[PDB]
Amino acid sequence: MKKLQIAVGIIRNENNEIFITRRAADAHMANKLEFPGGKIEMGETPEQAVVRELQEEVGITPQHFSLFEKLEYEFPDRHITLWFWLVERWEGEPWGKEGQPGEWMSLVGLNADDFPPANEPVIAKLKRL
C-alpha cells in the first residue's frame, strides 16, 4: 500500500468563501470537490509544496499562511497524510489553470459529502471559525 504526503490550500477570501476545484473523473477520488493541492516531492518542505501546488493548479502564490490541520487517512488502496494550509493572503487570482472546474463556495454551504472523506473533520472545523 502506497503512502503519500499531500499539501493542500484552503483559499479563503474576505467574503468567507473558499476556492474549490473538482477532481477529474479518472482520478483517485474522482469527481470529488477538493482543496487545490498535491504530493509533497522529495527535497521540498510541506510549506514549499503548498506554494508550488497552488501556483501550478490555480495560479496563485500563497503567503503568510498557517497549518489549519494535519491528519492521516487510510483509503481502500492507499494511505495519505494531508497537510491542510489556511491561505488568507495570496498573489494572483485563482482560476482553473489546469483546465479543471473551480469556483468560490460559501464556507457555510460546504457539504462534506462532496469532498473526500478524509476532509470531514476539516470541513467541520472550518464551519466553526
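A residue's number is simply how far along the shown sequence it sits, counting from 1.
**Prompt:** As stated in the PDB record, which stretch has the larger average Cα B-factor, 70-78 or 47-55?
**Reply:** Between 47-55 and 70-78, it is 70-78 that shows the higher mean C-alpha B-factor.
**Request:** Check where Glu88 lands among this chain's C-alpha B-factors and tell me if it's the lowest, middle or highest third.
**Result:** It belongs to the middle third of the chain when residues are ordered by C-alpha B-factor.
**Request:** Please place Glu41 in the lowest, middle or highest third of its chain by C-alpha B factor as given in the entry.
**Result:** It falls in the middle third of the chain.
**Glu17 - Cα temperature factor, lowest/middle/highest third of chain** = For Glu17, the deposited C-alpha B-factor lands in the lowest third.
**Item:** Within-chain third of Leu129 by Cα B-factor, per the entry
**Value:** Its C-alpha B-factor, which the entry lists for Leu129, ranks in the highest third among residues of this chain.
**Asked** Based on the entry's values, in what third of the chain does the Cα temperature factor of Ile60 lie: lowest, middle or highest?
**Response** Answer is lowest: the recorded C-alpha B-factor places it there.
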